[PDB]
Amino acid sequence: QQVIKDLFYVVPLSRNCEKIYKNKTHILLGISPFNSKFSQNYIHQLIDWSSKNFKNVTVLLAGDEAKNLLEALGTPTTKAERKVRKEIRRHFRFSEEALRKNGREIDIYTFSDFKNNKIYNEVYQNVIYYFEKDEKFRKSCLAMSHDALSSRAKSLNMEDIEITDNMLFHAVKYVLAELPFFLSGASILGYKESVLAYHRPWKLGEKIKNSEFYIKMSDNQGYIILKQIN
C-alpha cells in the first residue's frame, strides 16, 4: 500500500543528509521517552514507512540517563528508574510488533548498549571534551537539555516549574549520552551510512553543518525530519 510509502515527507538537515537518505541504506528511528507523540500507532507508522523505504531499519530507545530527565523535574531516583524501565519496555513491545509484522529483524537498542563499542566511546569522549572546553558547544548542549526538560514539564503537566541550571546540568547527561548517535550512528552500528530520523528539527545539527564546532557529523551520517502532510 502506497499510503504507507508516502506516510512521511522528509526534510533533510543538509544536502549530504539528502544524499544518504536517497541511498536508502539505513534509517535509525529515534524514539523519545516520556513523549506522547510515540503512541503504538505512531511507532507502527514509523516502522511501516521505514520498512517500505529502507534496506535496513534500526530503532533507538533511551538509555540509563533517561532517569535524569525525571530526576530534574522532581522525581526521586527510585520512582524515576521505575518509570524508565516501564517506558522502555513499552517502546520495545510496540517496536517489536511492527518490525515482526514487516518481516524485519528485531534491531532495537538503547543508547546505553554501546559501552564496549569503540566508536560510541570515542565520539562520547569528544562530546564531553568539547562540552567542557568549548563554551559555545556547551551552550548548545544545555539548550538541548532545556528543550528536553521544557517539553516534558508540559507533558508531565509541570509547566509551573522554573528550569534551573542544576536541572539543566543534570538532564544534559542525557543529551551527551545520545549525541554520539546523531554524530556517528551509522559507524557505531556498522552500516555504510545512515540517517537518524525524528519529527523535530535539530538546531545544534544546523550549527554543526554550518561548521561552527570542532565536533562534526561523520561523512556517512545524516539527519532527517519526518513530517506528516495531507
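Note that residue numbering begins at 1 and tracks the sequence as displayed.
Item to check | 52-60 or 159-167, whichever carries the higher mean Cα B-factor | outcome: Higher mean C-alpha B-factor: 159-167.
Item to check | Mean C-alpha B-factor comparison - 113-121 and 85-93, higher one | outcome: According to the PDB entry, the answer is 85-93.
Checklist entry - Of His146, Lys139, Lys133, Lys101, which one's C-alpha B factor is largest in the deposited record? => result The listed residue with the largest C-alpha B-factor is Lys101.
Next on the checklist: Could you place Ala66 in the lowest, middle or highest third of its chain by Cα temperature factor, using the values in the record?
Outcome noted: Its C-alpha B-factor belongs to the middle third of this chain's values.
Checklist entry - Taking the entry's C-alpha B-factors for this chain, is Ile128 in the lowest, middle or highest third? => result Lowest third of the chain for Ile128's C-alpha B-factor.
Item to check | B-factor third for the C-alpha atom of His26 within its chain | outcome: As the PDB entry reports it, the C-alpha B-factor of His26 lands in the lowest third of its chain.
Checklist entry - With respect to C-alpha B-factor, does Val3 fall in the lowest, middle or highest third of the chain as deposited? => result Its C-alpha B-factor, which the entry lists for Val3, ranks in the highest third among residues of this chain.
Item to check | CA B-factor placement of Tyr42, once the chain's modelled residues are sorted into thirds | outcome: Its C-alpha B-factor, which the entry lists for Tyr42, ranks in the highest third among residues of this chain.
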